[PDB]
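Enquirer: Could you have a look at this structure, given as structure tokens, before my questions?
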Amino acid sequence: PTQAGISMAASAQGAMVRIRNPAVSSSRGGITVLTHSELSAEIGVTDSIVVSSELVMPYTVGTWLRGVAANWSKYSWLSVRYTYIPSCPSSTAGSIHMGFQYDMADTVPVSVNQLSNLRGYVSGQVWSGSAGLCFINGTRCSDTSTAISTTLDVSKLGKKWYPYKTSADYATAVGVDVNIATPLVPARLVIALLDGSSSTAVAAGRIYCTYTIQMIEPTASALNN
Amino acid sequence: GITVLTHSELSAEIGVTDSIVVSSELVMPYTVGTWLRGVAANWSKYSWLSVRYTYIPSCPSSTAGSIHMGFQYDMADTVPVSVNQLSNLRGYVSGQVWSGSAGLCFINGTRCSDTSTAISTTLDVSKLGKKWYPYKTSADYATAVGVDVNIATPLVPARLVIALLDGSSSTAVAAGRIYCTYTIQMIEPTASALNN
Amino acid sequence: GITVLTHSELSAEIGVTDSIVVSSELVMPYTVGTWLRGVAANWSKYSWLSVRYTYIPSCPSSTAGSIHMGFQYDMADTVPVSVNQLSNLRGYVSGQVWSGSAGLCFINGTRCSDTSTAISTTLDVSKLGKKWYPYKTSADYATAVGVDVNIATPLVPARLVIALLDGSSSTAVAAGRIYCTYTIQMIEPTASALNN
Amino acid sequence: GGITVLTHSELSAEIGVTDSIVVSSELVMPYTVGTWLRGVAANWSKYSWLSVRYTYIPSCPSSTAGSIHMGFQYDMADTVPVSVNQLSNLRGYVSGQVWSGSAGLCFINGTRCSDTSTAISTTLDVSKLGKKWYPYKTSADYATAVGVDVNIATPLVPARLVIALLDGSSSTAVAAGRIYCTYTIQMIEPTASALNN
Amino acid sequence: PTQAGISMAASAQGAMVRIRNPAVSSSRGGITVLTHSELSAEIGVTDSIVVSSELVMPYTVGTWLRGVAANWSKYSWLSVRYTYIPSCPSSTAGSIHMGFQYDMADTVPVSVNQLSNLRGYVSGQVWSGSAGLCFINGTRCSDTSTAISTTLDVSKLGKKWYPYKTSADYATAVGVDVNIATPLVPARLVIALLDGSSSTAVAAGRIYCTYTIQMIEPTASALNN
Amino acid sequence: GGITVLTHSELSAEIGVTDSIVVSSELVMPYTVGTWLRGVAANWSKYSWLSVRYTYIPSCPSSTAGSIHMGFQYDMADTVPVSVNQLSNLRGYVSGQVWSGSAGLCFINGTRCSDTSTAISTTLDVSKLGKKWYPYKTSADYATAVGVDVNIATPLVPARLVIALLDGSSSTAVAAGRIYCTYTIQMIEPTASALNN
Ligand SMILES: [Ca+2]
Ligand SMILES: [Ca+2]
Ligand SMILES: [Ca+2]
Ligand SMILES: [Ca+2]
Ligand SMILES: [Ca+2]
Ligand SMILES: [Ca+2]
């Protein structure tokens, strides 16, 4: 693109990811702030729709964050962002879909449509979204009108302060009744993948999450459940 | 970036007897009334802004019987059993099954001057558990409470308790109706058929 | 360069029963009342400015039964069938067939302070289909709707739905009356006998 | 006061891409824009469009030959375009390659829009519609009315979106993209859900 | 392209077309000026050469222009431009060819060669020409050295003023003898498509025409033939 | 207006001093803080902590070997500290000789506090609690709920006070001191006494 309205589709997009060292700061008053990025999930697309879901809580979001936040009893999301990066060619067939849900009791979407309604929805070709790189690496952002990434509206969730929960104990409590969950986690991410070309899954891309968290009220790592 | 509406609708039809009859309504969207149920369901959460349960008679000057309403918030708390019990709960209200004729203005918001008579009460949104509650279905709620009641205080805000007595007969009598005049902020949209 | 008047007149006499009785009135000049019918007909068009249907009892303290009114605008919409249905429609209103005694002041516009009790509602001229509707006759209207209902939303603004129940008997009972207090702008004159 | 204002963005129609110019049309009214709104808008008798915007969003390979077209008609009586040519005349004519438009995305999530010149999307000229307020009509009852005479519809629906999907590479369908609608609406004069037609 | 001489071919080109409202102006003296753009024709390419021809007169050029100019007895072309937009991938095989002829009696070209000689000739890959978008949308023009579009040299035709003719009556008159046509239409566009890959036609692109016309001497729409 | 604000100071728990580290815990809620408040708070459905402060006050000889520890946990699901070490991590960890703290006294009678550095006392960080308002829960009903699953408690109680009483000189108990609580509370949504659970 030189003029206006003209667009050139590459044979394939490429984004070189480099995650910078974590950012931690113990701000007097109690809170310890952490802002970091981590590869949150691996993606694959098929000709039939597939709905994947991931809880947006510490233990689940980040693999590093898991071990970190463990030393604090509570936490408050300050900014959670799931960005998508395509690791395939434009010759690949397929689209992605993401959005959030807030009451785990609600059934998980089953149509690209139902999902179009969720909060912070996003769709786009499996081979696009490279634009969002500047988010993950943390550089100066250019044109993001083409990027595939959504953010959690921390502005309005159940509480500001949630308890650090462990996948294990969590599930155990959800086993009793799902509902016990709402006071354990803010919301969850919904991810759909359809419009693919083969019955056997194909390498689509990957989703990195870049968050900023507040951690409070310390505890021995192993005393936390 | 939300969506806010205000409306009024019959929340439940009332009948009086010779003995006390204690009933209760959750103050959540699904259980307030038909309309707000079928709508608010298209949003994952919601926050009460102004809940008002108003009673409005349907009987003759000559139809002995009174009515009582109040609130409760810790669902685990035992449901009242005497008119006295109910007098204690917050935002109480008593009156003859045929009174409250004036509580009408509350539903067609106009020049509401004379509202002393009015048999209606208001939910103190000002301070309930959380501020944003998730939309729940009659079904899924009872299901969860079936385990333990307390899983409810994080699911609903409070519930309106009601009692009718000092009736003319021992068999139900055409009393009146309770309408709810609510204003709500609903958010985080979702396919209607997906909400539980 | 128009012509504007304001008046009030009996729009329909009411009766209550043991079962629900749903009736409806178009909110067009011809169907509001005798007077405004025989006048507004001398003008091709008209625009509502303030429509108010007010109920006024005629029975004794002891005459069980309630009354309900609300509006609808897409004539094609199905006419309500339960008190609940009617509670949903806009500008609802409920009350005992003997109440509304105070809705009187609305017809002899004076010092209307106490109007809570008042069983009356208002048409939101503020926003209906068109702003200038043509004067139509009961006859010619039904004739056109006989083809398809929808030819009506361009002919009338909205219609008032009414229901009466919780009655004392199973055979009509002297209830009250509904009067209409309207203010209208009528234009583009025409021989009375020519309007359809 | 009195009204109620929803502003949302949901899938309005999935698109199949072929070689034989198939031409469709959707009414620009609540019951038709999308499933979600259809569900809500029902609780209100009339409504008025404030800002209606259909936006095409791809979901296919770059190796997918094809172009898509959109436009508006307002006298429901007019004959739906027979040729894409005829279509290129309508108000808000727009057309691009069935795999481009990736940029239009900023209309669906309501983010900060950078350059939207490459976005396959058109809007509704609300200021020039017959009535300000329309009646919520169900596809059913509408058809029944247009059955007697189409003109009885000009007062039930503001406009119609004409969509053409020509140029492809195969004789059968190939999933291409979706057309989401991002509308701002004023819903009024509430009513029981099942009583609306 | 950063340096000079280096060129990058996209997997596929994309041009988002948006036609702006017509431009009409009744300039005292008689003439009514109209400048508008319309999708003039649909394109397809095959392995064997195909020669298409379109008269460059009101009734034929534009589908809207047809109904408009009907209300005037004569017209004078002021600027006629046929632009091409590719709606396919660079992986597609094929080239286009356009030019003008002025004496309908002349036989229609049959070789990409003969056509190379015509006035305002143009050739180019079926999947290119996206550059010309700025013409149709009517934006600021960038590098057009790559665009596939030609213009009618209004400077030198039979008359300046031609009569509005209808396809019907026209053909009827040409049925008598083709020659009667020269005083009925200025010239015509020739379009060839060969160098394709399949025997069965493939979706190539589409040709939009952007013209500026002068219309004069009014008449009841239906009295015009 | 509407609320009701009590601010009081009563014995929250008597302390026995031994040599084998015995570790206890008390919920930081009305029914558990103390007998008096338990009695009042019942007349109100919900409540919100404004300022909670547990203070240890001796009542033994200076020849009484022993140390006491206090701290807070908030995810009721977490395992109550097994070692005093684990405890020294919690928010508001504090610990001193079971005969000192004489100075903390100025927290109970509400007098003018001179130097309180030697006082064995910690406070509750109210600004960082899950909910602002909690439901008054009876130990009974609470246990019954945590019986099904502990997590069902995180929304019933703000935090838990972990107390450790290690280091002593005898194998049996020796009266050491008391932990009084000095709280300021907002009681709301009144209710019949016996109807609260
Ligand atoms: Ca924990
Ligand atoms: Ca829900
Ligand atoms: Ca007339
Ligand atoms: Ca309707
Ligand atoms: Ca002619
Ligand atoms: Ca309680």
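Going through the structure tokens in order, the chains are called A, B, and so on, while each chain numbers its residues from 1 and the ligands are numbered from 1 in the order shown.
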Output as a VMD selection string all residues of chain C that backbone DSSP marks as helix (DSSP H, G or I).
Expert: chain C and resid 29 to 32 34 to 40 83 to 88 101 to 107 125 to 127 138 to 145 149 to 151 192 to 194
Enquirer: With the cut-off set at 10 Å and counting only C-alpha atoms and all ligand atoms, tabulate each residue of chain F with an atom at most that distance from an atom of ligand 1, showing the nearest atom pair and its distance in Å to one decimal, ordered by chain and increasing number, as a tab-separated table.
Expert:
```
residue	atom	partner	partner_atom_place_in_ligand_line	distance
F:73	CA	ligand 1	1 (Ca)	8.9
F:74	CA	ligand 1	1 (Ca)	7.8
F:75	CA	ligand 1	1 (Ca)	4.9
F:76	CA	ligand 1	1 (Ca)	7.6
F:77	CA	ligand 1	1 (Ca)	6.2
F:78	CA	ligand 1	1 (Ca)	5.1
F:79	CA	ligand 1	1 (Ca)	8.7
F:151	CA	ligand 1	1 (Ca)	9.8
```
Enquirer: So that I can see what lies close to range 81-84 of chain D, please list as a PyMOL selection string the residues with an atom at most 10 Å from it, counting only C-alpha atoms and leaving out residues fewer than 2 positions away in the same chain.
Expert: (chain D and resi 21-25+68-71+73+78-79+86-90+162-166) or (chain E and resi 39-42+63)
Enquirer: Which chains and residue numbers are within 12 Å of ligand 5, counting only C-alpha atoms and all ligand atoms, if I want them as a ChimeraX atom specification?
Expert: /E:57-59,66,69-75,162-170,184-185,215-225
Enquirer: Using N, CA and C atoms, can you write the selected residues to a file as a compact mmCIF listing (two decimals), in the first residue's frame?
Expert:
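Output (part31.txt):
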```txt
# COMPACT_ATOMS: atom_id res chain seq x y z
N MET E 57 -21.00 4.35 -25.85
CA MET E 57 -22.06 5.34 -25.95
C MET E 57 -22.88 5.22 -24.66
N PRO E 58 -23.58 6.29 -24.25
CA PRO E 58 -24.40 6.33 -23.03
C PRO E 58 -25.17 5.06 -22.70
N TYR E 59 -26.17 4.74 -23.52
CA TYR E 59 -27.00 3.55 -23.28
C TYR E 59 -26.19 2.30 -22.93
N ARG E 66 -27.65 5.25 -18.33
CA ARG E 66 -28.67 4.95 -19.31
C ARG E 66 -29.94 5.74 -18.96
N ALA E 69 -29.16 10.17 -18.95
CA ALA E 69 -29.03 10.83 -20.24
C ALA E 69 -30.26 10.71 -21.12
N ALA E 70 -31.18 9.83 -20.73
CA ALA E 70 -32.40 9.61 -21.50
C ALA E 70 -33.21 10.88 -21.66
N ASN E 71 -33.12 11.75 -20.66
CA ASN E 71 -33.88 12.99 -20.65
C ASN E 71 -33.29 14.10 -21.50
N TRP E 72 -32.23 13.79 -22.24
CA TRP E 72 -31.59 14.77 -23.11
C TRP E 72 -31.39 14.15 -24.49
N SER E 73 -31.58 14.94 -25.54
CA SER E 73 -31.43 14.45 -26.91
C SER E 73 -30.01 14.14 -27.38
N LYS E 74 -29.03 14.95 -26.99
CA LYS E 74 -27.65 14.70 -27.40
C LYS E 74 -26.70 14.62 -26.21
N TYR E 75 -25.43 14.39 -26.50
CA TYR E 75 -24.40 14.29 -25.47
C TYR E 75 -23.04 14.35 -26.11
N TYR E 162 -23.10 13.73 -30.20
CA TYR E 162 -23.77 12.54 -30.70
C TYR E 162 -25.19 12.47 -30.13
N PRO E 163 -26.09 11.75 -30.82
CA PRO E 163 -27.48 11.59 -30.40
C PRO E 163 -27.63 10.41 -29.44
N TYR E 164 -28.47 10.57 -28.43
CA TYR E 164 -28.69 9.48 -27.50
C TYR E 164 -29.39 8.40 -28.30
N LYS E 165 -28.80 7.22 -28.32
CA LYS E 165 -29.39 6.12 -29.07
C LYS E 165 -29.73 5.00 -28.09
N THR E 166 -30.65 4.11 -28.47
CA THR E 166 -31.05 2.99 -27.61
C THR E 166 -30.53 1.71 -28.24
N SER E 167 -30.03 0.78 -27.43
CA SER E 167 -29.50 -0.48 -27.96
C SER E 167 -30.43 -1.00 -29.05
N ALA E 168 -31.71 -1.10 -28.71
CA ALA E 168 -32.72 -1.58 -29.63
C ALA E 168 -32.64 -0.90 -31.00
N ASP E 169 -33.17 0.32 -31.09
CA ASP E 169 -33.17 1.08 -32.34
C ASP E 169 -31.80 1.06 -33.02
N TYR E 170 -30.75 1.16 -32.22
CA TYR E 170 -29.40 1.14 -32.75
C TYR E 170 -29.23 -0.11 -33.59
N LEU E 184 -23.71 7.46 -35.15
CA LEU E 184 -24.50 7.15 -33.97
C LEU E 184 -23.67 6.88 -32.72
N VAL E 185 -22.40 6.57 -32.92
CA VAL E 185 -21.51 6.29 -31.81
C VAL E 185 -20.07 6.60 -32.20
N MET E 215 -24.69 16.67 -21.33
CA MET E 215 -25.99 16.31 -21.87
C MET E 215 -26.74 17.57 -22.24
N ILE E 216 -27.40 17.56 -23.40
CA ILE E 216 -28.13 18.73 -23.89
C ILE E 216 -29.49 18.48 -24.51
N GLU E 217 -30.15 19.56 -24.91
CA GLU E 217 -31.46 19.54 -25.56
C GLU E 217 -32.46 18.50 -25.04
N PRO E 218 -33.10 18.78 -23.88
CA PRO E 218 -34.09 17.96 -23.17
C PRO E 218 -35.16 17.34 -24.05
N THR E 219 -35.77 16.28 -23.52
CA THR E 219 -36.86 15.54 -24.18
C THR E 219 -37.50 14.61 -23.18
N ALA E 220 -38.77 14.30 -23.38
CA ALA E 220 -39.46 13.40 -22.48
C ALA E 220 -38.71 12.08 -22.57
N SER E 221 -38.38 11.51 -21.41
CA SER E 221 -37.62 10.26 -21.38
C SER E 221 -38.08 9.19 -22.39
N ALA E 222 -39.40 8.97 -22.46
CA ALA E 222 -39.97 7.96 -23.33
C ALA E 222 -40.11 8.33 -24.81
N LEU E 223 -39.82 9.58 -25.16
CA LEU E 223 -39.93 9.98 -26.55
C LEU E 223 -38.59 9.76 -27.23
N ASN E 224 -37.59 9.37 -26.44
CA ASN E 224 -36.23 9.16 -26.97
C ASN E 224 -35.95 7.74 -27.46
N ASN E 225 -35.42 7.65 -28.67
CA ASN E 225 -35.07 6.36 -29.25
C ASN E 225 -33.62 6.43 -29.70
```
Enquirer: What is the CA of residue 143 in chain D-CA of residue 155 in chain D distance in Å, reported with one decimal?
Expert: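 A separation of 13.7 Å between them.
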